[PDB]
Student: 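Dropping the structure in here first, questions after.
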Amino acid sequence: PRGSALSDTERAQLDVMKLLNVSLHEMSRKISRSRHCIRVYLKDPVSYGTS
DNA sequence: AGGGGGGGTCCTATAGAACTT
DNA sequence: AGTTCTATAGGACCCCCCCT
């Protein structure tokens, strides 16, 4: 895609951050990733990588 | 028309795998 | 090293707030 897929770490952060109720926008800033990936992934982290 | 904050959409090249030399 | 492939990351464009 336009960028690399999410690393286990990145996705790991994302999981915690969500737990912390961080905002999408802050999340991106935090790990320098588009809201887009972040969004999609959190909507279903499992399904990520299933293609 | 900016900076900051929150949230969408959705086009579109390309990551990265599978393959072929 | 090149090919060929397509689901997907980027980020464009949108909505709404308030302000050194």
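Chain letters run A, B, ... following the sequence lines, proteins first, then strands; residues in each count from 1. When reading the values below, keep in mind they use all heavy atoms of this one structure, side chains included, and skip hydrogens, waters and symmetry mates.
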Student: Would you tell me if any nitrogen or oxygen in the side chain of A:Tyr48 comes within less than 4.0 Å of OP1 or OP2 on C:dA9?
Tutor: yes
Student: For C:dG10, does the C1'-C2'-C3'-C4' torsion put the sugar north or south?
Tutor: south
Student: Under 3.5 Å, which N/O atoms of the protein pair with N/O atoms of nucleotides 10-19 of chain C?
Tutor:
unit_1	atom_1	unit_2	atom_2	d
C:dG10	OP2	A:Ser34	N	3.1
C:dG10	OP2	A:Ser34	OG	2.8
C:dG10	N7	A:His36	ND1	2.9
C:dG10	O6	A:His36	ND1	2.8
C:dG11	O6	A:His36	ND1	2.7

Student: Please check this pair: side chain of A:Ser47 against backbone of A:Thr50, looking for a donor-acceptor N/O pair closer than 3.5 Å.
Tutor: no
Student: What integer distance in Å separates A:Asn21:CG from B:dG7:P?
Tutor: 11 Å
Student: Would you kindly give the CD1-to-P distance between A:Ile38 and B:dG8, to the nearest whole Å?
Tutor: 11 Å
Student: Would you say A:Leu6 and A:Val46 are hydrophobically clustered, going by side-chain heavy atoms of ILVMFWY under 4.5 Å?
Tutor: no
Student: Where do A:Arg33 and A:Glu10 land on the side chain to side chain contact (heavy atoms under 4.5 Å, CB included) test, with the steps shown first?
Tutor: CA-CA 9 Å; A:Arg33 281 312 187 132; A:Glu10 290 179 335; 3.0 Å; yes
Student: Does B:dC19 carry a north or a south sugar when the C1'-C2'-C3'-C4' torsion is used to decide?
Tutor: north
Student: Provide the distance between the two P atoms, one in B:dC10 and one in C:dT4, to the nearest whole Å.
Tutor: 32 Å
Student: Can you get from A:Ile38 to A:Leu19 by hopping between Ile, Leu, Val, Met, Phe, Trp and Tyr side chains that sit under 4.5 Å apart?
Tutor: no
Student: Can you give me the closest heavy-atom contact between A:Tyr48 and A:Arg11, atom names plus distance?
Tutor: CD2-CD, 3.6 Å
Student: Using atom P of each nucleotide, how far apart are C:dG11 and B:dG16 to the nearest Å?
Tutor: 16 Å
Student: With a cut-off of less than 4.0 Å, is there a side-chain N or O of A:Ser23 near OP1 or OP2 of B:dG5?
Tutor: no
Student: What's the NE2-P distance between A:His25 and B:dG7, to the nearest Å?
Tutor: 5 Å
Student: Under a 3.5 Å limit for both distances, which nucleotide forms a Watson-Crick or G-U wobble pair with C:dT3, could you say?
Tutor: B:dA18
Student: Could you check A:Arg35, A:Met17, A:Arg29, A:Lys18 and say which one makes a side chain to side chain contact (heavy atoms under 4.5 Å, CB included) with A:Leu24?
Tutor: A:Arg35
Student: How close or far is atom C1' of B:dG7 from atom CG of A:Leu42, stated in whole angstroms?
Tutor: 15 Å
Student: According to a 4.5 Å side-chain heavy-atom criterion applied to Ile, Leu, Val, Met, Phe, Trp and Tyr, with indirect links allowed, do A:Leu20 and A:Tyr41 form part of one hydrophobic cluster?
Tutor: yes
Student: Does the ring of C:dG11 sit north or south, if a positive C1'-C2'-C3'-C4' angle means north and a negative one means south?
Tutor: south
Student: Hey, does A:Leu6 reach any base, or is it just sugar-phosphate, or nothing, if we go heavy atoms under 4.0 Å?
Tutor: nothing
Student: With both distances under 3.5 Å as the test, what is the Watson-Crick or G-U wobble partner of C:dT20?
Tutor: none
Student: Using the sign of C1'-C2'-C3'-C4', would you call the sugar of C:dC5 north or south?
Tutor: north
Student: Based on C1'-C2'-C3'-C4', put the sugar of C:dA7 on the north side (positive) or the south side (negative).
Tutor: south
